[PDB]
$ cat input32.pdb   # PDB, C-alpha atoms
MODEL        1
ATOM      1  CA  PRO Y  11      17.396 112.296 -24.563
ATOM      2  CA  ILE Y  12      21.036 111.823 -23.519
ATOM      3  CA  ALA Y  13      22.994 109.523 -25.907
ATOM      4  CA  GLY Y  14      26.184 110.552 -24.119
ATOM      5  CA  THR Y  15      25.169 114.132 -23.311
ATOM      6  CA  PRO Y  16      27.751 115.530 -20.868
ATOM      7  CA  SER Y  17      26.959 116.702 -17.384
ATOM      8  CA  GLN Y  18      27.693 120.448 -17.605
ATOM      9  CA  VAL Y  19      29.765 120.231 -14.417
ATOM     10  CA  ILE Y  20      33.557 120.537 -14.232
ATOM     11  CA  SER Y  21      35.797 117.958 -12.571
ATOM     12  CA  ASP Y  22      39.406 116.836 -12.914
ATOM     13  CA  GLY Y  23      40.389 114.864 -15.985
ATOM     14  CA  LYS Y  24      42.650 111.821 -15.915
ATOM     15  CA  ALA Y  25      46.364 112.461 -15.437
ATOM     16  CA  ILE Y  26      48.313 113.652 -18.493
ATOM     17  CA  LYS Y  27      51.985 112.745 -18.924
ATOM     18  CA  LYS Y  28      52.525 113.961 -22.509
ATOM     19  CA  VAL Y  29      51.091 116.604 -24.864
ATOM     20  CA  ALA Y  30      51.589 117.510 -28.513
ATOM     21  CA  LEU Y  31      51.178 120.188 -31.116
ATOM     22  CA  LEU Y  32      49.726 118.838 -34.378
ATOM     23  CA  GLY Y  33      51.306 120.238 -37.531
ATOM     24  CA  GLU Y  34      48.479 119.457 -39.961
ATOM     25  CA  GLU Y  35      45.941 121.569 -38.041
ATOM     26  CA  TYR Y  36      47.463 124.833 -39.258
ATOM     27  CA  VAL Y  37      46.469 125.674 -42.836
ATOM     28  CA  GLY Y  38      49.413 125.859 -45.230
ATOM     29  CA  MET Y  39      51.943 125.312 -42.464
ATOM     30  CA  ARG Y  40      55.431 124.279 -43.621
ATOM     31  CA  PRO Y  41      57.469 123.802 -40.449
ATOM     32  CA  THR Y  42      61.027 124.729 -39.559
ATOM     33  CA  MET Y  43      61.868 122.747 -36.445
ATOM     34  CA  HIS Y  44      63.488 124.530 -33.495
ATOM     35  CA  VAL Y  45      63.849 121.395 -31.348
ATOM     36  CA  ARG Y  46      64.769 117.759 -31.855
ATOM     37  CA  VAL Y  47      63.897 114.605 -29.933
ATOM     38  CA  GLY Y  48      65.710 114.702 -26.596
ATOM     39  CA  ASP Y  49      65.646 118.480 -26.187
ATOM     40  CA  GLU Y  50      64.268 119.845 -22.945
ATOM     41  CA  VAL Y  51      61.810 122.703 -23.437
ATOM     42  CA  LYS Y  52      60.190 125.310 -21.228
ATOM     43  CA  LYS Y  53      56.534 126.176 -21.362
ATOM     44  CA  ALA Y  54      56.064 128.808 -24.101
ATOM     45  CA  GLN Y  55      59.397 127.921 -25.748
ATOM     46  CA  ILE Y  56      59.164 127.729 -29.532
ATOM     47  CA  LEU Y  57      58.972 124.224 -31.037
ATOM     48  CA  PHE Y  58      58.766 125.267 -34.694
ATOM     49  CA  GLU Y  59      58.051 128.149 -37.054
ATOM     50  CA  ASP Y  60      56.029 128.342 -40.271
ATOM     51  CA  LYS Y  61      58.048 129.047 -43.416
ATOM     52  CA  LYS Y  62      54.840 130.198 -45.119
ATOM     53  CA  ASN Y  63      53.804 132.521 -42.250
ATOM     54  CA  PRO Y  64      57.035 134.201 -41.154
ATOM     55  CA  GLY Y  65      57.384 135.190 -37.520
ATOM     56  CA  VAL Y  66      54.540 133.047 -36.166
ATOM     57  CA  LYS Y  67      55.803 130.886 -33.307
ATOM     58  CA  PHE Y  68      54.358 127.540 -32.241
ATOM     59  CA  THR Y  69      55.280 127.064 -28.581
ATOM     60  CA  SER Y  70      55.252 124.241 -26.055
ATOM     61  CA  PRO Y  71      52.197 123.990 -23.753
ATOM     62  CA  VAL Y  72      54.366 122.433 -21.014
ATOM     63  CA  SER Y  73      57.802 122.115 -19.523
ATOM     64  CA  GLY Y  74      59.327 118.780 -20.475
ATOM     65  CA  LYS Y  75      61.373 116.804 -22.963
ATOM     66  CA  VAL Y  76      60.676 116.293 -26.663
ATOM     67  CA  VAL Y  77      60.057 112.561 -27.073
ATOM     68  CA  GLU Y  78      58.579 112.319 -30.602
ATOM     69  CA  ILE Y  79      58.625 114.284 -33.840
ATOM     70  CA  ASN Y  80      56.186 112.343 -36.020
ATOM     71  CA  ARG Y  81      56.128 112.817 -39.799
ATOM     72  CA  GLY Y  82      53.861 111.418 -42.498
ATOM     73  CA  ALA Y  83      53.761 111.326 -46.296
ATOM     74  CA  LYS Y  84      55.778 114.065 -48.021
ATOM     75  CA  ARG Y  85      57.360 114.555 -44.560
ATOM     76  CA  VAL Y  86      54.438 116.509 -43.058
ATOM     77  CA  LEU Y  87      54.788 117.234 -39.366
ATOM     78  CA  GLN Y  88      52.058 115.156 -37.748
ATOM     79  CA  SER Y  89      52.908 115.967 -34.134
ATOM     80  CA  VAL Y  90      55.667 117.164 -31.822
ATOM     81  CA  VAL Y  91      55.193 115.258 -28.552
ATOM     82  CA  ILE Y  92      56.430 116.591 -25.191
ATOM     83  CA  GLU Y  93      56.674 114.428 -22.077
ATOM     84  CA  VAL Y  94      55.785 116.621 -19.095
ATOM     85  CA  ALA Y  95      58.570 117.253 -16.593
ATOM     86  CA  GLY Y  96      59.165 120.157 -14.240
ATOM     87  CA  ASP Y  97      57.675 123.632 -14.350
ATOM     88  CA  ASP Y  98      60.173 125.734 -16.345
ATOM     89  CA  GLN Y  99      58.623 128.455 -18.487
ATOM     90  CA  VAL Y 100      59.246 131.589 -20.517
ATOM     91  CA  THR Y 101      57.565 134.566 -18.849
ATOM     92  CA  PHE Y 102      56.295 137.821 -20.311
ATOM     93  CA  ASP Y 103      55.205 141.272 -19.173
ATOM     94  CA  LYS Y 104      52.245 141.495 -16.812
ATOM     95  CA  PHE Y 105      49.781 144.326 -16.291
ATOM     96  CA  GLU Y 106      46.967 145.466 -14.054
ATOM     97  CA  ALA Y 107      43.530 144.701 -15.468
ATOM     98  CA  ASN Y 108      42.770 148.438 -15.729
ATOM     99  CA  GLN Y 109      45.730 148.925 -18.114
ATOM    100  CA  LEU Y 110      44.817 146.275 -20.686
ATOM    101  CA  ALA Y 111      42.378 148.206 -22.851
ATOM    102  CA  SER Y 112      44.943 151.035 -23.202
ATOM    103  CA  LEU Y 113      47.949 148.949 -24.304
ATOM    104  CA  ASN Y 114      49.496 149.598 -27.720
ATOM    105  CA  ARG Y 115      48.544 147.166 -30.493
ATOM    106  CA  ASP Y 116      52.151 146.409 -31.407
ATOM    107  CA  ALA Y 117      53.114 145.457 -27.850
ATOM    108  CA  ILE Y 118      50.033 143.229 -27.647
ATOM    109  CA  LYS Y 119      50.963 141.425 -30.876
ATOM    110  CA  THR Y 120      54.556 140.897 -29.788
ATOM    111  CA  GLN Y 121      53.509 139.320 -26.489
ATOM    112  CA  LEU Y 122      50.901 137.114 -28.201
ATOM    113  CA  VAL Y 123      53.377 136.116 -30.919
ATOM    114  CA  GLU Y 124      56.289 135.459 -28.534
ATOM    115  CA  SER Y 125      54.163 133.324 -26.205
ATOM    116  CA  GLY Y 126      52.674 131.335 -29.084
ATOM    117  CA  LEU Y 127      49.120 132.370 -28.216
ATOM    118  CA  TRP Y 128      48.880 134.259 -31.523
ATOM    119  CA  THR Y 129      48.007 130.870 -33.059
ATOM    120  CA  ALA Y 130      44.645 131.027 -31.264
ATOM    121  CA  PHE Y 131      43.519 133.446 -34.010
ATOM    122  CA  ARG Y 132      42.298 132.329 -37.430
ATOM    123  CA  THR Y 133      41.288 134.488 -40.393
ATOM    124  CA  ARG Y 134      37.868 134.337 -42.017
ATOM    125  CA  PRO Y 135      37.972 132.741 -44.363
ATOM    126  CA  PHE Y 136      41.063 130.669 -45.247
ATOM    127  CA  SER Y 137      41.154 129.784 -41.526
ATOM    128  CA  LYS Y 138      44.847 130.724 -41.426
ATOM    129  CA  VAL Y 139      46.734 132.201 -38.492
ATOM    130  CA  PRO Y 140      46.910 135.938 -39.307
ATOM    131  CA  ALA Y 141      50.159 137.368 -40.614
ATOM    132  CA  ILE Y 142      51.972 139.014 -37.731
ATOM    133  CA  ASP Y 143      52.195 142.303 -39.650
ATOM    134  CA  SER Y 144      48.417 142.418 -40.231
ATOM    135  CA  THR Y 145      45.472 143.872 -38.332
ATOM    136  CA  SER Y 146      41.722 143.350 -38.392
ATOM    137  CA  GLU Y 147      38.716 145.619 -37.899
ATOM    138  CA  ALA Y 148      36.615 142.731 -36.584
ATOM    139  CA  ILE Y 149      37.668 140.144 -34.032
ATOM    140  CA  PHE Y 150      34.966 137.565 -33.375
ATOM    141  CA  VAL Y 151      34.924 135.746 -30.038
ATOM    142  CA  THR Y 152      33.059 132.443 -30.228
ATOM    143  CA  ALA Y 153      31.443 132.125 -26.783
ATOM    144  CA  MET Y 154      28.887 129.631 -28.053
ATOM    145  CA  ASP Y 155      29.376 126.137 -29.412
ATOM    146  CA  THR Y 156      26.917 124.466 -31.777
ATOM    147  CA  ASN Y 157      28.659 121.095 -31.925
ATOM    148  CA  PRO Y 158      26.696 118.174 -30.453
ATOM    149  CA  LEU Y 159      27.921 117.329 -26.923
ATOM    150  CA  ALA Y 160      29.939 120.538 -26.550
ATOM    151  CA  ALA Y 161      30.746 122.157 -23.222
ATOM    152  CA  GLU Y 162      28.495 125.085 -22.319
ATOM    153  CA  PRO Y 163      30.790 128.147 -22.534
ATOM    154  CA  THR Y 164      28.990 129.983 -19.690
ATOM    155  CA  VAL Y 165      29.949 127.231 -17.232
ATOM    156  CA  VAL Y 166      33.621 127.574 -18.176
ATOM    157  CA  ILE Y 167      33.640 131.368 -18.270
ATOM    158  CA  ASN Y 168      31.987 131.529 -14.845
ATOM    159  CA  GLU Y 169      35.137 130.086 -13.246
ATOM    160  CA  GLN Y 170      37.286 132.659 -15.075
ATOM    161  CA  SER Y 171      35.210 135.833 -15.284
ATOM    162  CA  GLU Y 172      38.120 138.200 -14.577
ATOM    163  CA  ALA Y 173      40.418 136.613 -17.172
ATOM    164  CA  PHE Y 174      37.644 136.420 -19.788
ATOM    165  CA  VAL Y 175      36.920 140.152 -19.502
ATOM    166  CA  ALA Y 176      40.647 140.907 -19.355
ATOM    167  CA  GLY Y 177      41.059 139.002 -22.611
ATOM    168  CA  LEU Y 178      38.212 140.973 -24.173
ATOM    169  CA  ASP Y 179      39.909 144.205 -23.052
ATOM    170  CA  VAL Y 180      43.147 143.118 -24.738
ATOM    171  CA  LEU Y 181      41.226 142.281 -27.929
ATOM    172  CA  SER Y 182      39.497 145.668 -27.767
ATOM    173  CA  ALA Y 183      42.918 147.279 -28.070
ATOM    174  CA  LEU Y 184      44.191 144.778 -30.660
ATOM    175  CA  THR Y 185      41.330 145.253 -33.148
ATOM    176  CA  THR Y 186      41.343 148.399 -35.276
ATOM    177  CA  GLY Y 187      37.538 148.315 -35.126
ATOM    178  CA  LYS Y 188      35.389 146.158 -32.863
ATOM    179  CA  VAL Y 189      35.267 142.901 -30.938
ATOM    180  CA  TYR Y 190      32.108 140.807 -31.386
ATOM    181  CA  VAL Y 191      31.234 138.304 -28.656
ATOM    182  CA  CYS Y 192      29.065 135.599 -30.267
ATOM    183  CA  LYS Y 193      26.949 134.062 -27.533
ATOM    184  CA  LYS Y 194      23.647 132.484 -26.693
ATOM    185  CA  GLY Y 195      21.038 134.468 -24.762
ATOM    186  CA  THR Y 196      22.521 133.504 -21.378
ATOM    187  CA  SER Y 197      24.172 136.528 -19.788
ATOM    188  CA  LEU Y 198      27.957 136.814 -19.535
ATOM    189  CA  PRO Y 199      30.508 139.002 -17.768
ATOM    190  CA  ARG Y 200      30.778 142.113 -19.910
ATOM    191  CA  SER Y 201      33.729 144.140 -21.122
ATOM    192  CA  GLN Y 202      33.350 147.845 -20.322
ATOM    193  CA  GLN Y 203      35.091 148.909 -23.525
ATOM    194  CA  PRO Y 204      32.744 150.636 -25.980
ATOM    195  CA  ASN Y 205      33.997 148.733 -29.047
ATOM    196  CA  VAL Y 206      33.191 145.274 -27.588
ATOM    197  CA  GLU Y 207      29.761 144.185 -28.853
ATOM    198  CA  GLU Y 208      27.628 141.142 -28.060
ATOM    199  CA  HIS Y 209      25.964 139.143 -30.851
ATOM    200  CA  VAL Y 210      23.212 137.001 -29.369
ATOM    201  CA  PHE Y 211      22.132 133.807 -31.112
ATOM    202  CA  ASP Y 212      19.716 131.033 -30.184
ATOM    203  CA  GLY Y 213      20.216 127.543 -31.607
ATOM    204  CA  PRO Y 214      20.653 125.101 -33.123
ATOM    205  CA  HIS Y 215      17.217 123.529 -32.739
ATOM    206  CA  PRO Y 216      17.592 120.623 -32.678
ATOM    207  CA  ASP Y 233      41.728 144.205 -45.831
ATOM    208  CA  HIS Y 234      38.183 143.077 -45.011
ATOM    209  CA  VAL Y 235      39.127 139.893 -43.200
ATOM    210  CA  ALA Y 236      37.760 139.143 -39.750
ATOM    211  CA  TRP Y 237      39.614 137.139 -37.120
ATOM    212  CA  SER Y 238      38.065 134.517 -34.878
ATOM    213  CA  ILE Y 239      39.132 133.190 -31.461
ATOM    214  CA  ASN Y 240      37.286 130.948 -29.054
ATOM    215  CA  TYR Y 241      36.354 131.875 -25.480
ATOM    216  CA  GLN Y 242      38.877 129.549 -23.792
ATOM    217  CA  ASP Y 243      41.681 131.156 -25.773
ATOM    218  CA  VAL Y 244      40.253 134.550 -24.737
ATOM    219  CA  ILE Y 245      40.581 133.436 -21.119
ATOM    220  CA  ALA Y 246      44.171 132.461 -21.953
ATOM    221  CA  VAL Y 247      44.795 135.930 -23.428
ATOM    222  CA  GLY Y 248      43.564 137.575 -20.236
ATOM    223  CA  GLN Y 249      45.702 135.294 -18.095
ATOM    224  CA  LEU Y 250      48.775 135.941 -20.269
ATOM    225  CA  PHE Y 251      48.567 139.700 -19.797
ATOM    226  CA  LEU Y 252      47.438 139.606 -16.150
ATOM    227  CA  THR Y 253      50.120 137.151 -15.013
ATOM    228  CA  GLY Y 254      52.841 137.111 -17.675
ATOM    229  CA  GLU Y 255      52.517 133.329 -17.991
ATOM    230  CA  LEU Y 256      51.118 131.172 -20.781
ATOM    231  CA  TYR Y 257      47.863 129.684 -19.457
ATOM    232  CA  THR Y 258      47.397 126.186 -20.857
ATOM    233  CA  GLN Y 259      44.350 124.977 -18.914
ATOM    234  CA  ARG Y 260      41.491 123.506 -20.922
ATOM    235  CA  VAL Y 261      37.960 122.503 -19.936
ATOM    236  CA  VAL Y 262      36.784 119.931 -22.468
ATOM    237  CA  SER Y 263      33.576 118.002 -22.910
ATOM    238  CA  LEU Y 264      34.325 114.275 -22.702
ATOM    239  CA  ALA Y 265      31.256 112.663 -24.214
ATOM    240  CA  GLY Y 266      29.782 110.110 -26.592
ATOM    241  CA  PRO Y 267      27.823 106.852 -26.301
ATOM    242  CA  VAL Y 268      30.700 104.817 -24.806
ATOM    243  CA  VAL Y 269      31.792 107.378 -22.199
ATOM    244  CA  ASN Y 270      30.708 106.043 -18.803
ATOM    245  CA  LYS Y 271      30.282 109.466 -17.161
ATOM    246  CA  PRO Y 272      30.210 112.142 -19.887
ATOM    247  CA  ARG Y 273      31.061 115.484 -18.314
ATOM    248  CA  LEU Y 274      33.393 118.473 -18.472
ATOM    249  CA  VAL Y 275      36.957 117.638 -17.466
ATOM    250  CA  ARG Y 276      40.009 119.778 -16.743
ATOM    251  CA  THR Y 277      43.027 119.038 -18.898
ATOM    252  CA  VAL Y 278      45.906 120.756 -20.690
ATOM    253  CA  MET Y 279      46.411 122.054 -24.231
ATOM    254  CA  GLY Y 280      47.487 119.230 -26.513
ATOM    255  CA  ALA Y 281      46.762 116.523 -23.946
ATOM    256  CA  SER Y 282      47.350 112.901 -24.832
ATOM    257  CA  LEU Y 283      43.867 111.601 -25.565
ATOM    258  CA  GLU Y 284      44.857 108.013 -24.876
ATOM    259  CA  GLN Y 285      45.724 109.212 -21.360
ATOM    260  CA  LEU Y 286      42.670 111.456 -21.017
ATOM    261  CA  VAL Y 287      40.161 108.672 -21.732
ATOM    262  CA  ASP Y 288      41.989 105.951 -19.763
ATOM    263  CA  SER Y 289      39.085 103.883 -18.366
ATOM    264  CA  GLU Y 290      36.493 106.519 -18.882
ATOM    265  CA  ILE Y 291      35.144 104.184 -21.548
ATOM    266  CA  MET Y 292      32.878 101.167 -21.819
ATOM    267  CA  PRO Y 293      34.447  97.920 -23.035
ATOM    268  CA  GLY Y 294      34.574  97.213 -26.750
ATOM    269  CA  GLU Y 295      36.093  98.658 -29.881
ATOM    270  CA  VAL Y 296      35.825 102.455 -29.821
ATOM    271  CA  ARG Y 297      37.066 105.420 -31.827
ATOM    272  CA  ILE Y 298      38.412 108.579 -30.210
ATOM    273  CA  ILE Y 299      37.916 111.890 -32.002
ATOM    274  CA  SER Y 300      39.603 115.160 -31.079
ATOM    275  CA  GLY Y 301      36.736 117.625 -31.511
ATOM    276  CA  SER Y 302      33.321 116.502 -32.756
ATOM    277  CA  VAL Y 303      32.074 114.118 -35.402
ATOM    278  CA  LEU Y 304      31.154 117.216 -37.444
ATOM    279  CA  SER Y 305      34.657 118.720 -37.150
ATOM    280  CA  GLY Y 306      37.359 116.526 -35.674
ATOM    281  CA  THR Y 307      40.526 114.517 -36.103
ATOM    282  CA  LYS Y 308      40.641 110.754 -35.710
ATOM    283  CA  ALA Y 309      42.818 110.650 -32.581
ATOM    284  CA  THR Y 310      44.986 107.620 -33.344
ATOM    285  CA  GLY Y 311      48.742 107.112 -33.372
ATOM    286  CA  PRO Y 312      50.609 110.384 -33.910
ATOM    287  CA  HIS Y 313      47.293 112.276 -33.945
ATOM    288  CA  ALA Y 314      46.019 111.088 -30.541
ATOM    289  CA  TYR Y 315      46.284 114.532 -28.925
ATOM    290  CA  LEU Y 316      43.858 117.384 -28.239
ATOM    291  CA  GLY Y 317      43.794 119.620 -31.318
ATOM    292  CA  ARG Y 318      44.636 123.285 -30.862
ATOM    293  CA  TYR Y 319      41.101 124.484 -31.680
ATOM    294  CA  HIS Y 320      39.184 121.598 -30.086
ATOM    295  CA  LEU Y 321      37.310 121.909 -26.795
ATOM    296  CA  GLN Y 322      35.765 118.451 -26.707
ATOM    297  CA  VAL Y 323      36.704 114.802 -27.105
ATOM    298  CA  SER Y 324      34.124 112.428 -28.591
ATOM    299  CA  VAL Y 325      34.329 108.656 -28.112
ATOM    300  CA  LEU Y 326      32.070 106.471 -30.237
ATOM    301  CA  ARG Y 327      31.482 102.822 -31.023
ATOM    302  CA  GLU Y 328      33.266 101.286 -33.992
ATOM    303  CA  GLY Y 329      31.376  99.373 -36.657
TER     304      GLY Y 329
ENDMDL
END

$ encode --input "input32.pdb" --output "structure tokens"
Amino acid sequence: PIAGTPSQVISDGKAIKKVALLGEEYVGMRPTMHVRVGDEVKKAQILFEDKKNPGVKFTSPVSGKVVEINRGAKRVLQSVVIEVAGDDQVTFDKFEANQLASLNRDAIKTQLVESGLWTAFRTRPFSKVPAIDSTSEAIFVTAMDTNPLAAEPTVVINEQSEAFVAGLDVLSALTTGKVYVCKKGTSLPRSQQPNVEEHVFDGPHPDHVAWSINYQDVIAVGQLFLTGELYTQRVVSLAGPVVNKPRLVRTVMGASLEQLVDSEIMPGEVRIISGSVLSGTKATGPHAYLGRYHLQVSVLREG
């Protein structure tokens, strides 16, 4: 019973020379561009802002040069594409791990907003990035994944136990109430803060607004406050019936998916999806990049 089931083992992904942010992934987003084609950007430099969500910043995952600003019907921002070059970056304050749970909420927000990592959060429902002036009594951490062919979160978190817990400690200070780690039964490194809860699930077989953030973005939150640098590493499941060796591969936020799957694939006509067949983007043309909230890439036969 495989049908493209990934080996839950991490290895290096194929080389990535360009990345993008995808404008249509952010509910209600109406962009104001802060770069144009030809601009050089640092990692964590702002590429655009949302007119309908003032103060939220959408920042570059890499140092490089803006090579494409793709727009569709009614001029919607499809993608801002950055060709990797150099290692320039905006840096932020760093802290000892023992200080994180005691930081002030407003300083936490400012660092998350300024770095762009604030976009990791989405409200429930509406699925919008929270307003920067808002708070939540309930931050949910998704440390499980029910999508077919997803990466097992425990395997990823095991490489990054310190940063995962550090991220939970930051969230424990950010929430006005509790943090809820949604997980399968398998044990995980545990925050020591009393308002971080675990919610254990098993499956599948086969204002009062909560926020949600996935476990890889929690690792990124811990790295941001421990090191002062935006942490753009991703571990994604590369899987599907036409993937020769489905497995977990290291890549970067926003990675070119044409470059990521370069001869990982059996011959024939195939379709690349950022995310899963249940929740994904057809990764073609200006959309052929890893979506902000996607932790897997599915490649399937065409018919």

$ resolve_selection --input "input32.pdb" --expression "the PyMOL selection byres ((chain Y and resi 89) around 8)" --output "number ranges by chain"
Y: 30-33, 78-81, 87-88, 90-91, 312-313

$ resolve_selection --input "input32.pdb" --expression "the PyMOL selection byres ((chain Y and resi 155) around 10)" --output "number ranges by chain"
Y: 152-154, 156-163, 192-194, 213-214, 240-241, 321

$ residues_around --input "input32.pdb" --residues "residue 38 (chain Y)" --least-positions-apart "2" --cutoff "8 Å" --atoms "all atoms listed in the file" --output "list in words"
residues 36, 40, 62 and 138 of chain Y

$ closest_residue --input "input32.pdb" --among "Y:86, Y:29, Y:283, Y:37" --to "residue 69 (chain Y)" --atoms "all atoms listed in the file"
Y:29

$ resolve_selection --input "input32.pdb" --expression "the PyMOL selection byres ((chain Y and resi 120) around 12)" --output "MDAnalysis selection string"
chainID Y and resid 65:67 102:103 113:119 121:128 142:143 184 251

$ write_last_selection --input "input32.pdb" --atoms "C-alpha atoms" --output "mmCIF file, in the frame of the given file"
data_model
loop_
_atom_site.group_PDB
_atom_site.id
_atom_site.type_symbol
_atom_site.label_atom_id
_atom_site.label_comp_id
_atom_site.auth_asym_id
_atom_site.auth_seq_id
_atom_site.Cartn_x
_atom_site.Cartn_y
_atom_site.Cartn_z
ATOM 1 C CA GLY Y 65 57.384 135.190 -37.520
ATOM 2 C CA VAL Y 66 54.540 133.047 -36.166
ATOM 3 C CA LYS Y 67 55.803 130.886 -33.307
ATOM 4 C CA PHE Y 102 56.295 137.821 -20.311
ATOM 5 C CA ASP Y 103 55.205 141.272 -19.173
ATOM 6 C CA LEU Y 113 47.949 148.949 -24.304
ATOM 7 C CA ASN Y 114 49.496 149.598 -27.720
ATOM 8 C CA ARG Y 115 48.544 147.166 -30.493
ATOM 9 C CA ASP Y 116 52.151 146.409 -31.407
ATOM 10 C CA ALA Y 117 53.114 145.457 -27.850
ATOM 11 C CA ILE Y 118 50.033 143.229 -27.647
ATOM 12 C CA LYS Y 119 50.963 141.425 -30.876
ATOM 13 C CA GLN Y 121 53.509 139.320 -26.489
ATOM 14 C CA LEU Y 122 50.901 137.114 -28.201
ATOM 15 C CA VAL Y 123 53.377 136.116 -30.919
ATOM 16 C CA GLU Y 124 56.289 135.459 -28.534
ATOM 17 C CA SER Y 125 54.163 133.324 -26.205
ATOM 18 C CA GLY Y 126 52.674 131.335 -29.084
ATOM 19 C CA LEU Y 127 49.120 132.370 -28.216
ATOM 20 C CA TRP Y 128 48.880 134.259 -31.523
ATOM 21 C CA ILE Y 142 51.972 139.014 -37.731
ATOM 22 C CA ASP Y 143 52.195 142.303 -39.650
ATOM 23 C CA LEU Y 184 44.191 144.778 -30.660
ATOM 24 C CA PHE Y 251 48.567 139.700 -19.797
#

$ atom_distance --input "input32.pdb" --atom1 "CA of residue 16 (chain Y)" --atom2 "CA of residue 167 (chain Y)"
17.1 Å

$ axis_aligned_box --input "input32.pdb" --around "region 198-203 of chain Y" --padding-each-side "5 Å" --output "lines of an AutoDock Vina configuration file"
center_x = 31.5
center_y = 142.9
center_z = -20.6
size_x = 17.1
size_y = 22.1
size_z = 15.8

$ decode --input "input32.pdb" --residues "region 315-328 of chain Y" --atoms "N, CA, C and O atoms" --output "compact mmCIF listing (two decimals), in the first residue's frame"
# COMPACT_ATOMS: atom_id res chain seq x y z
N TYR Y 315 5.34 27.65 -7.59
CA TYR Y 315 6.20 27.90 -6.45
C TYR Y 315 5.52 27.34 -5.20
O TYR Y 315 4.30 27.24 -5.14
N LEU Y 316 6.33 26.98 -4.20
CA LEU Y 316 5.77 26.41 -2.97
C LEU Y 316 4.93 27.44 -2.21
O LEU Y 316 5.46 28.46 -1.74
N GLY Y 317 3.64 27.14 -2.06
CA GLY Y 317 2.74 28.05 -1.37
C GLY Y 317 3.13 28.24 0.09
O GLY Y 317 3.72 27.37 0.72
N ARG Y 318 2.77 29.42 0.62
CA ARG Y 318 3.22 29.80 1.96
C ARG Y 318 2.84 28.76 3.00
O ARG Y 318 3.63 28.46 3.91
N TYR Y 319 1.64 28.19 2.89
CA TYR Y 319 1.11 27.29 3.91
C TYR Y 319 1.21 25.83 3.51
O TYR Y 319 0.64 24.96 4.17
N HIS Y 320 1.97 25.52 2.45
CA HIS Y 320 2.09 24.16 1.97
C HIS Y 320 3.40 23.52 2.43
O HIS Y 320 4.46 24.14 2.39
N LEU Y 321 3.30 22.26 2.85
CA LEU Y 321 4.46 21.52 3.33
C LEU Y 321 4.66 20.24 2.53
O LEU Y 321 5.32 19.31 2.99
N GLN Y 322 4.05 20.18 1.35
CA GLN Y 322 4.21 19.02 0.49
C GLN Y 322 4.00 19.46 -0.95
O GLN Y 322 3.36 20.47 -1.23
N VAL Y 323 4.53 18.64 -1.85
CA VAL Y 323 4.42 18.85 -3.29
C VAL Y 323 3.97 17.51 -3.84
O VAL Y 323 4.60 16.48 -3.56
N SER Y 324 2.84 17.50 -4.54
CA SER Y 324 2.27 16.28 -5.09
C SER Y 324 2.42 16.31 -6.60
O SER Y 324 2.11 17.33 -7.23
N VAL Y 325 2.91 15.22 -7.19
CA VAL Y 325 3.04 15.12 -8.64
C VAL Y 325 2.26 13.90 -9.09
O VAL Y 325 2.45 12.80 -8.56
N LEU Y 326 1.37 14.10 -10.06
CA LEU Y 326 0.39 13.11 -10.46
C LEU Y 326 0.40 12.99 -11.98
O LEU Y 326 0.85 13.89 -12.69
N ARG Y 327 -0.12 11.86 -12.46
CA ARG Y 327 -0.31 11.69 -13.90
C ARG Y 327 -1.40 12.63 -14.41
O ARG Y 327 -2.34 12.98 -13.68
N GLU Y 328 -1.28 13.02 -15.67
CA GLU Y 328 -2.33 13.76 -16.35
C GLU Y 328 -3.17 12.81 -17.18
O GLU Y 328 -2.71 11.75 -17.61
